[PDB]
Amino acid sequence: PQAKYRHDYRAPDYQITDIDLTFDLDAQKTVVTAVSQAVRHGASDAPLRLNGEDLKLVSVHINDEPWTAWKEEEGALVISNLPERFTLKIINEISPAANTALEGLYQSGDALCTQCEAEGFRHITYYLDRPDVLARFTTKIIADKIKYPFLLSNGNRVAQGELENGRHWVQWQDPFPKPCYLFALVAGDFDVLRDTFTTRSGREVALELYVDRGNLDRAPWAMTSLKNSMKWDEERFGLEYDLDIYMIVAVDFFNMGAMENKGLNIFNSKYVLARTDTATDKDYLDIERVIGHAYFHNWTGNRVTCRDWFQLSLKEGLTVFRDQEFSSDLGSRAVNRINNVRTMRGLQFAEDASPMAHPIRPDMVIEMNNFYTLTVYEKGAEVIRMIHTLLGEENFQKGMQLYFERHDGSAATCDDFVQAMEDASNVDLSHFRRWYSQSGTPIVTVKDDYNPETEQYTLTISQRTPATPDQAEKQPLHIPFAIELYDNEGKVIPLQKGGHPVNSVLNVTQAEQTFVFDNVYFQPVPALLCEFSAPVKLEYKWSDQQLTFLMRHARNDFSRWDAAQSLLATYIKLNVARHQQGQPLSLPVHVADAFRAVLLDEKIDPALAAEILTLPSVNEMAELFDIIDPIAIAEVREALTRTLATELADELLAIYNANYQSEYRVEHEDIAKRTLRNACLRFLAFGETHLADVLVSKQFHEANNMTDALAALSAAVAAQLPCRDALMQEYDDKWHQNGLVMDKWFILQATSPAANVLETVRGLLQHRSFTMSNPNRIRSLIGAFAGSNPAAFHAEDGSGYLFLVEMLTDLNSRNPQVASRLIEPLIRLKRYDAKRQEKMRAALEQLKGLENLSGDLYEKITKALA
Ligand SMILES: COc1ccc(C[C@H](N)C(=O)N[C@H]2[C@@H](O)[C@H](n3cnc4c(N(C)C)ncnc43)O[C@@H]2CO)cc1
Ligand SMILES: COc1ccc(C[C@H](N)C(=O)N[C@H]2[C@@H](O)[C@H](n3cnc4c(N(C)C)ncnc43)O[C@@H]2CO)cc1
Ligand code: NA
Ligand SMILES: [Zn+2]
């Protein structure tokens with residue numbers, strides 16, 4: 001369609017204060033009756049323009065009068081000649097069973113459910129579908145009681161009835177005014193897990209978790225995580241739940257992960273269901289994080305919502321920041337930080353160099369569903385974490401309090417939030433606001449100097465952001481740049497200047513500046529950008545010895561990991577260059593030694609050891625290069641794995657056996673040891689073949705949990721061990737009837753290093769457990785192939801591109817949101833070599849030419865070809 005621009009925001013000409021919905025539900029034809037109380041604020045001659053998509057209009061009344069002064073345009077009902085106050089009644093029809101895009105009211109198996117964020121409510125009825133219009137909802141649902149015994153919407157059940165012909169109804173009322181993107185409705189038959197939580201101040205909240213019949217056994221962990229979320233929001237932010245009931249529904253057909261609809265969250269069943277033998281540690285920790293996320297939105301999203309969709313990061317940056325803090329408080333703070341930083345440097349940095357690059361507050365949008373992004377979410381959270389770094393926790397909490405005090409019950413902007421932090425804290429964030437408007441990854445370059453005469457250490461720090469496809473003009477940011485200086489014994493040198501302490505978070509606000517530290521009694525080794533204090537690329541000329549020194553002595557665990565990443569980065573680059581010339585891996589002995597030391601150090605948290613022994617993904621590796629050679633990166637990852645496996649064989653085996661655990665528990669210390677153990681297993685799989693096959697075949701068959709079974713099956717696929725096909729067949733035979741469990745298997749198929757992997761993936765389009773109608777299946781087979789198997793996707797013959805093209809040709813008509821996610825690997829063509837660009841550009845040109853090209857794909861394809 002048309003592009004929308006943030007600078008065109010204007011307050012609406014009309015407001016709706018209250019809406020009274022009735023749904024006469026049927027999967028083929030639902031009848032919606034919508035009675036809205038409305039108020040004109042604009043001019044007497046400005047019509048009311050209601051958004052609407054794929055609605056059949058049955059009638060329109062204004063204060064009970066059949067209205068003649070209206071028309072239908074593309075995506076709208078435009079109503080003229082209105083009074084200043086009136087009751088709008090719309091009756092319209094929709095078809096949930098036809099809805100394959102999973103936006104609006106649609107069917108997930110036998111259940112009916114909604115997804116309204118961002119602009120989905122307009123697929124349900126004609127409305128002011130924009131988030132600065134907030135209204136009190138009342139929702140009456142009528143349905144067949146055999147098919148739809150449970151009828152749910154936001155808030156409290158206020159009314160109930162039985163009708164003739166085996167139909168019944170229920171009515172719901174939510175007292176908190178809300179934007180329509182927070183409306184939900186669910187109808188179906190469910191098992192329900194019921195529990196309670198008592199808030200800090202004494203309010204008893206009924207908790208209800210609705211899952212498909214037969215899954216009540218995969219529900220307790222989710223329930224436990226919801227309670228943990230409620231408690232933690234109380235402890236850390238002082239925020240209590242505000243209603244009497246908290247509902248969560250797990251559905252199998254869902255485009256997002258989870259939707260924070262007020263009092264009635266709707267979740268991808270992936271981020272709900274877990275059993276010891278179906279779900280890994282990471283699934284558990286994911287379920288905790290996503291449950292937390294949806295819950296944290298209750299304040300950062302719902303009680304304070306977004307003025308317009310360009311303000312998405314107001315709620316997402318802040319709510320991701322909150323789910324990261326929650327995971328970090330409850331588990332390992334370092335491991336959380338490490339994985340969030342992996343995602344930043346490996347996926348988000350790629351997005352900010354791509355044709356889809358955008359600031360965390362976008363300036364232009366064609367299809368808003370395209371902006372539910374790594375940038376908006378993860379970079380968003382980094383921006384919030386930077387405010388925290390600048391203010392400290394006490395001031396940050398005061399800013400949170402001021403934000404709620406001012407904006408509770410209304411829609412706000414990114415700028416309102418920054419303003420609350422600034423006013424509450426008395427820290428100036430004027431310059432800081434430039435993080436919201438500027439796209440791309442800044443590059444921070446650092447040079448140092450030690451003067452022994454004066455005992456001064458000088459840092460010369462410079463920054464630039466390169467131009468991005470969306471912005472030609474770039475300016476310097478306010479970069480909180482955290483340092484520590486270590487002496488020759490590993491002790492922290494105190495930071496000072498002119499005889500007074502200096503804060504260790506430097507305000508790097510200029511294109512270039514110099515910081516001078518005094519009483520630096522010994523030439524330091526620095527930890528730069530501590531805890532990834534700003535989302536930037538660091539350019540510093542490290543020696544290997546500086547890096548291994550940091551691995552042994554750095555105070556913060558994250559710095560030890562990060563030092564190690566910098567150590568490996570030099571050698572990854574070296575060996576990618578070697579690969580291109582036909583040369584085998586080269587690696588200095590002392591690099592191997594550094595990793596041996598981590599394996600055998602008995603004092604190191606095993607959580608941390610595991611992360612140091614987890615090599616950068618092919619995605620983190622790709623960001624070290626201007627032009628990406630995806631085949632060299634994959635082969636080098638495998639070769640570096642083989643070489644460390646050979647060098648460290650005896651140490652790896654010892655640590656593998658030492659961390660054996662007979663009991664399975666979902667507890668942070670046990671997860672650490674298991675994670676280290678399975679990191680050792682993965683190297684061992686790439687070692688001596690027989691021993692590998694034995695270890696892996698055995699762990700798979702003996703495992704009492706899916707973490708251990710999958711780590712092994714995954715190693716078997718990756719090293720191409722002899723046991724592979726047999727373990728993979730066993731897994732399929734046992735688990736084919738279970739889609740979430742099979743997703744792991746499809747990911748393994750899709751990411752296999754085998755030579756015929758595409759041929760297998762095509763074949764798996766026919767597999768019993770695959771369906772093009774399910775986003776989860778699609779993402780696990782097709783999406784994993786294109787995103788996570790770059791060597792096969794980028795096969796020289798272009799076969800990966802054409803496969804994706806076929807898939808997208810289907811998905812563009814079926815589910816454009818999923819299509820748009822799957823296209824993302826093809827729009828990175830400018831990172832690749834000429835011959836690859838040529839073939840990727842042709843693929844995009846083929847897709848550009850589809851009849852009924854979705855706006856979702858259109859936005860991306862044209863940016864990519866520009
Ligand atoms: C939706 O719910 C979740 C669930 C879990 C997480 C945390 C987890 N480390 C994690 O999955 N983290 C990551 C990623 O694994 C994955 N991801 C997001 N975008 C891509 C991508 N591009 C082609 C865009 N390729 C491969 N994987 C991608 O989604 C997460 C974004 O942080 C985040 C969000
Ligand atoms: C083949 O290529 C593919 C295939 C699939 C994807 C989807 C990817 N998991 C993904 O980006 N998915 C996500 C993320 O980028 C972000 N997001 C959504 N929810 C969260 C979340 N909490 C729920 C914890 N935390 C962090 N980020 C989140 O919004 C997106 C849409 O819901 C991407 C690329
Ligand atoms: Na009017
Ligand atoms: Zn969210």
Side-chain angles (χ1 to χ4, degrees), residues 109 212 214-215 217-218 250 252-253 268-284 286 664 678 681-682 685 689 692-789 791-793 800 803 807 810 818 822:
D212 278 329
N215 283 345
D217 67 320
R218 298 204 273 160
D252 293 325
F253 290 84
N268 192 312
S269 62
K270 190 171 78 166
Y271 300 113
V272 185
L273 304 174
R275 223 165 59 204
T276 258
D277 57 306
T278 71
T280 63
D281 292 334
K282 119 267 324 197
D283 293 332
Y284 282 90
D286 282 350
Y664 183 81
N678 287 332
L681 181 62
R682 183 164 272 233
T689 300
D693 201 63
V694 161
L695 250 33
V696 167
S697 165
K698 197 195 176 216
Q699 181 163 320
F700 181 84
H701 292 301
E702 273 167 35
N704 67 339
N705 65 91
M706 179 62 91
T707 307
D708 286 334
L710 194 74
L713 187 61
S714 189
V717 174
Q720 318 190 55
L721 299 175
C723 64
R724 183 196 65 202
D725 297 326
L727 305 197
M728 288 291 285
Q729 190 59 65
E730 281 175 39
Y731 191 106
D732 182 358
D733 289 327
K734 186 172 183 191
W735 294 118
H736 66 92
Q737 68 293 324
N738 195 316
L740 304 174
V741 176
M742 287 306 296
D743 279 341
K744 292 158 183 327
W745 188 87
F746 288 127
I747 289 163
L748 297 181
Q749 293 290 22
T751 63
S752 167
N756 56 337
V757 63
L758 179 52
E759 180 195 334
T760 305
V761 172
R762 265 184 195 288
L764 294 174
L765 295 177
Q766 298 316 311
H767 183 278
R768 28 165 190 198
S769 317
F770 188 77
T771 171
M772 286 296 275
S773 57
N774 186 281
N776 289 334
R777 307 298 98 79
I778 286 161
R779 291 135 47 192
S780 298
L781 184 56
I782 293 164
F785 175 75
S788 318
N789 198 340
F793 177 60
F803 174 65
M807 297 303 96
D810 173 319
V818 172
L822 263 48

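These values consider heavy atoms only, across backbone and side chains, with no hydrogens, waters or symmetry-generated copies. Along the sequence shown, residues carry numbers from 1.
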(message) Can you confirm whether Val761 sits close enough to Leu781 that some side-chain heavy atom of one is under 4.5 Å from a side-chain heavy atom of the other?
(response) yes
(message) Just so I know, are the side chains of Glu730 and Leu713 near enough to count as touching, which here means a heavy-atom distance under 4.5 Å?
(response) no
(request) Enter the distance from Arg275:CZ to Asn705:CG here, rounded to the nearest 0.5 Å. (result) 13.0 Å
(request) Count the heavy atoms of every other residue, nucleotide or ligand shown that sit under 6.0 Å from CD of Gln766, and state whether that count exceeds 12. (result) no
(request) Kindly give the heavy-atom pair with the smallest separation between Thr278 and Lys744, and that separation in Å. (result) O-CE, 3.9 Å
(request) Quick one: closest heavy-atom pair of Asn789 and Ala750, and the distance? (result) ND2-O, 2.9 Å
(message) Give me the atom names and distance for the closest heavy-atom approach of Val757 to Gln749.
(response) CG2-O, 3.2 Å
(request) Please step through side chain to side chain contact (heavy atoms under 4.5 Å, CB included) for the pair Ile782 and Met772, ending with a clear verdict. (result) CA-CA 10 Å; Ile782 293 164; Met772 286 296 275; 3.8 Å; yes
(message) Any carboxylate oxygen within less than 4.0 angstrom of a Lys/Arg side-chain nitrogen, looking at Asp286 and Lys270?
(response) no
(message) Taking the side chain as everything from C-beta on, heavy atoms only, tell me whether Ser269 gets closer than 4.5 Å to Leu740.
(response) yes
(request) Check for a donor-acceptor pair, side chain of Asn268 on one end and backbone N or O of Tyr271 on the other, with a separation under 3.5 Å. (result) no
(message) Could you report the tightest heavy-atom contact between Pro722 and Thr689, atom names first, then the distance?
(response) CD-CG2, 4.1 Å
(request) Give, for atom CD of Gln699 and atom OG1 of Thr707, the distance between the pair rounded to the nearest 0.5 Å. (result) 10.0 Å
(request) Return yes if some donor-acceptor pair links the side-chain N/O of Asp693 with the main-chain N/O of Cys723 below 3.5 Å, else return no. (result) yes
(request) First locate atom CG of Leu765, then atom OG1 of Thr771, and finally report the distance between them rounded to the nearest 0.5 Å. (result) 10.5 Å
(request) Would you check, one step at a time, whether the test side chain to side chain contact (heavy atoms under 4.5 Å, CB included) holds for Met706 with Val741? (result) CA-CA 9 Å; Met706 179 62 91; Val741 176; 3.7 Å; yes
(message) Looking at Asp283 and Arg218, is any side-chain nitrogen of the basic one under 4.0 Å from a carboxylate oxygen of the acidic one?
(response) no
(request) Could you tell me whether the side chains of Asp733 and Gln729 share a donor-acceptor contact shorter than 3.5 Å? (result) yes
(message) Let me confirm one number: the CG-CZ distance from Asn776 to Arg779, rounded to the nearest 0.5 Å.
(response) 4.5 Å
(request) Indicate yes or no: at least one non-hydrogen side-chain atom of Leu710 is less than 4.5 angstrom from one of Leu748. (result) yes
(request) Dump the intermediate steps for side chain to side chain contact (heavy atoms under 4.5 Å, CB included) on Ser769 and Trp735, then the final yes or no. (result) CA-CA 9 Å; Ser769 317; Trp735 294 118; over 6 Å; no
(request) Check the angle between the aromatic planes of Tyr284 and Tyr664 and answer parallel, tilted or perpendicular using the 30° and 60° thresholds. (result) tilted
(request) State, to 0.1 Å, how close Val696 and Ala715 come at their nearest heavy-atom pair, and which atoms those are. (result) CG2-CB, 4.2 Å
(request) Kindly indicate, with the supporting measurements, whether the criterion side chain to side chain contact (heavy atoms under 4.5 Å, CB included) is fulfilled by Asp732 and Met742. (result) CA-CA 7 Å; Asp732 182 358; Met742 287 306 296; 4.0 Å; yes
(request) State, without any angle test, whether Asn774 and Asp252 hold a side-chain donor-acceptor pair at a distance under 3.5 Å. (result) no
(request) Find the distance between CG (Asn215) and CG (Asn738) and round it off to the nearest 0.5 Å. (result) 8.0 Å
(request) Identify, with sequence neighbours excluded, every residue that meets side-chain hydrogen bond (donor to acceptor under 3.5 Å, both in side chains) alongside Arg682. (result) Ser714
(request) Provide the closest heavy-atom pair for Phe700 versus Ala712 in the form atom of the first, atom of the second, distance. (result) N-CB, 4.0 Å
(request) Determine the interplanar angle of the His767 and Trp745 rings, folded into 0 to 90°, and report it as parallel if under 30°, tilted if 30 to 60°, perpendicular if over 60°. (result) tilted
